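Protein chains in written order, with the UniProt record's numbering: chain A, 1 to 119; chain B, 7 to 110; chain C, 2 to 176; chain D, 1 to 59.
Built from N, CA and C at the ideal position, the CB exists for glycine as well.
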RNA sequence: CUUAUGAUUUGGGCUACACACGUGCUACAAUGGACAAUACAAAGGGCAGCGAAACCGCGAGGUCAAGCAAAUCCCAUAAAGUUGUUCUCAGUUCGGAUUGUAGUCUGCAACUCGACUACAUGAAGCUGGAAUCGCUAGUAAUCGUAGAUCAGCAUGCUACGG
RNA sequence: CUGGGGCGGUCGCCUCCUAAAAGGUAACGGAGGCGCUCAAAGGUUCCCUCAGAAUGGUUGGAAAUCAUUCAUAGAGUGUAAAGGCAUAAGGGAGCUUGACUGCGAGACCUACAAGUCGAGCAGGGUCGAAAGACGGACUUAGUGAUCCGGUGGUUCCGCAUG
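If you want it as structure tokens, here you go:
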């Protein structure tokens, strides 16, 4: 036999390691990343209170197409900033989850830098 | 195949594996070569007519492939003709006392 | 990737009717072939390793991974480093191109009657066939290779016990 | 998939006179003379073998 | 010594080998090598043995009769030589050890364990140290031919001439 | 120094134990190390996870290597031991030189000389998409005052002036 790992649990370990010197304090909050296989999820978390400030997703009805799965990630990064232009448009800390800064996690962050966020 | 020039062809084809004094008769049969063909022989249209007769022969290197496995078959059955290869034994029933040196 | 359909035939024609699986996903599936050659202690064979890394590319057309040592065991001359292995993990269609080649040319050139085993498993679904290098270079004959050798082919599947891995090896295999 | 480290391989049509079990590959980069259309349209340079002519087991 | 220390059988062995000394054979060449021609002997043998001239085989050789129990018939065309063409001075056309292919012949039978020839393969070996041996004329040196043993089998032996 | 003295041994730092659950604490008490090493064994960004155990497999030493499943660290961590550590401080890879300059609030330690840790501030960089991380190695040994001398700098002095 051979046991196939799931890609979420390894990701979780990696993310846990990443997210020990990475925190949001509501003057510089944190957006993290959860891409699954179809949809990219972004979310501004203030790590001090444990209270979020914003939320965006590739499966939400405002941004739901079948474009590339990368241009969908560009639409979500455009979405999380224009909701964070309602409040707290200052610097944030990008949290890559446990994923590389490449492809869909990169296009989520390239889109947020060119749409008002200053990270 | 890889024969040398500047010598006579009755001794030149001997230099490859698988020919000794058959080029005097058997290669001389099919090809219309002569005895005094040096490097200056123009054997390029004659290269084709020797290629047809050497293609039937096992000579150029490929005979040593079959010759090697004939010993390998002979030791695998473990015959007395074959044990003498794997053991320095003269093989063809010779006296293995003092004057048996070329097999060591 | 022509004869990959041999597996796609036997998943639903024999394996659904043998064990009576409840879904097509949990049929036993082969995942990797590693062709780990072995050690060949290179006090001199580091030059024969350059032949041994050349022979295994001709068997399977992927470059081997020259696996080095791990410990400092005495009565053996080796340290950390000292590359004493080679393997190729065959994952994709090169597996089936190697599998649907080898199982027709393994039993004939070995000159064995039965040929491999009736059992070689580890109680989990892994075979680990052992080869004394009597099969390879079937295209260019015994012309330029130098030293006799011995391979090792491991078949890693998603079988669960021995008798389900006997079923995958009963497709043009000889136990 | 990496360029540079791989040797050559192709769909080697194993041209055997007994049923032509052409599901093989390797490094037979030789003269392409006759390529069967049901098989690998490449060199037929596997000219003769004892592969699937007479198995010792399924004799 | 006397149910063996004597017998009788086919099967081994006397032929084994990391080696060490005796005795010889063939050599390490261009006063040679390979191919063509062309001479000249002596001695001895032949009680189903020697077996010609023909053939049929690349050859080792097979098929019958020709002669004969032999100064006549056969073994048997001695060879080195001589004549010509060759290679060119290299472990090259020098020699041919050793291994697979012919299955030739003898013999109940050639695996241990024979004898050649057939195409392959072609190794040591460039005239040998200290030492040591033979030999005073048809002798050293070389060249080939015979016979005894023997169904088959000598690089030995014994005789023979050049 | 010394259970008189001599002889033997010892003399500086590091790590334990003795040490009595803070620190500290002696003996010629019990154990050991050091008088370095590294241009990657430093920096930084990325990935990565071990020993061992079975099991079964051309090498098969039991044990090299391959695969599976268990494996909490039992591995490893330049070097003694003790604390550490899978945030990996362990293991790879890519770029690099922060193994920077000027400082340092504060604190530890302590008879003094010494010794240690530092946020932060400029300066000027490296790595990283970025936040950031970088003032040497997982931490704790690898040394020795002053005086004198050498050498290189130096807007300082230099005897009446230069």
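DSSP-derived helix/strand/coil call for residue 15/B: Residue 15/B: helix per DSSP, three-state reduction.
Burial state of residue 44/B (16 or more Cβ within 10 Å): Taking all protein chains in view, the Cβ of residue 44/B is surrounded by fewer than 16 other Cβ atoms within 10 Å, so the residue is classified as exposed.
Closer than 9 angstroms at the beta carbon, the chain A residues around residue 160/C: Those are 1, listed as they occur along chain A.
Secondary structure of residue 131/C, DSSP reduced to three states: Of the three classes helix, strand and coil, the one that applies to residue 131/C here is strand, per DSSP.
Residue 57/C - DSSP class collapsed to helix/strand/coil: Of the three classes helix, strand and coil, the one that applies to residue 57/C here is helix, per DSSP.
According to DSSP, residues forming a beta bridge with residue 43/A: Its beta-bridge partners are 32/A.
C-beta neighbour in chain B for residue 113/C, strict 9 angstroms: Under the Cβ criterion of 9 angstroms, residue 113/C is not counted among the residues facing chain B.
Residue 44/D to residue 7/B span [Cα, whole Å]: Near 25 angstroms, if we compare the C-alpha coordinates of residue 7/B and residue 44/D.
Top-ranked residue by Cα proximity to residue 47/C, from 78/C, 152/C, 24/C and 156/C: Of the listed residues, the one whose Cα sits closest to residue 47/C is 78/C.
Partners in chain A for residue 126/C, counting only beta-carbon separations shorter than 9 angstroms: Near residue 126/C (Cβ distances below 9 angstroms), the residues of chain A are 1 and 2.
Where residue 35/C sits in the DSSP three-state scheme: In the structure shown, residue 35/C sits in a strand (DSSP, three-state: E or B).
Interface flag, residue 11/D vs chain C, CB-CB below 9 angstroms: At a cut-off of 9 angstroms between beta-carbon atoms, residue 11/D makes contact with chain C.
Identity of the residue in 50/C, 161/C and 31/C nearest residue 93/C by Cα: 31/C is the residue among 50/C, 161/C and 31/C whose C-alpha sits nearest the C-alpha of residue 93/C.
Cα-Cα separation, residue 51/C to residue 137/C: C-alpha separation (whole angstroms): 17 angstroms.
Members of the stretch 83-106 of chain C that neighbour chain D once the beta carbon cut-off is set at 7 angstroms: Listed in sequence order: 98, 101, 102, 105 and 106.
CB contact below 9 angstroms: residue 138/C versus chain D: It does; some Cβ of chain D falls within 9 angstroms.
Local conformation of residue 89/A per DSSP, three classes: If DSSP states are grouped into helix, strand and coil, residue 89/A belongs with coil.
Identity of the residues DSSP links to residue 94/A by a beta bridge: Bridge partners of residue 94/A: 31/A.
Residue 15/A Cβ short of 8 angstroms to the ligand MG heavy atom set: Among the components modelled here there is no ligand, and therefore nothing to report on the ligand MG.
Beta strand (DSSP E) segment containing residue 154/C, residue limits: Looking at the DSSP string, the run of the beta strand (DSSP E) that includes residue 154/C is 153-158.
7 angstroms Cβ shell around residue 110/C - same chain, five flanking residues per side excluded: Beyond the five residues adjoining it in sequence on each side, residue 110/C comes within less than 7 angstroms, by CB distance, of 135 and 136 in the same chain, given in chain order.
Where residue 53/B falls: helix, strand or coil (DSSP): In the structure shown, residue 53/B sits in a helix (DSSP, three-state: H, G or I).
Closest residue to residue 77/A among 106/A, 102/A and 66/A (Cα-Cα distance): If we check each option's Cα against that of residue 77/A, 106/A comes out closest.
Through-space distance from residue 60/C to residue 15/D, alpha-carbon basis: About 19 angstroms.
Nonlocal neighbours in the same chain, by C-beta distance under 8 angstroms from residue 63/C, ignoring five residues either side: Excluding residues within five positions, the ones whose Cβ falls inside 8 angstroms are 89, 91 and 95.
Best match in 153/C, 131/C, 97/C and 151/C for proximity to residue 117/C [C-alpha to C-alpha]: Closest option to residue 117/C, Cα to Cα, is 131/C.
The stretch 75-93 of chain A touching the stretch 49-65 of chain A, judged by at least three CB pairs closer than 8 angstroms: Counting Cβ pairs under 8 angstroms, three or more are found: they touch.
Contacts that residue 114/D makes with chain C (C-beta to C-beta distance below 9 angstroms): Nothing in the structure corresponds to residue 114/D, since chain D is present only between 1 and 59.
Range covered by the alpha helix (DSSP H) that runs through residue 105/C: Start and end: 94-106.
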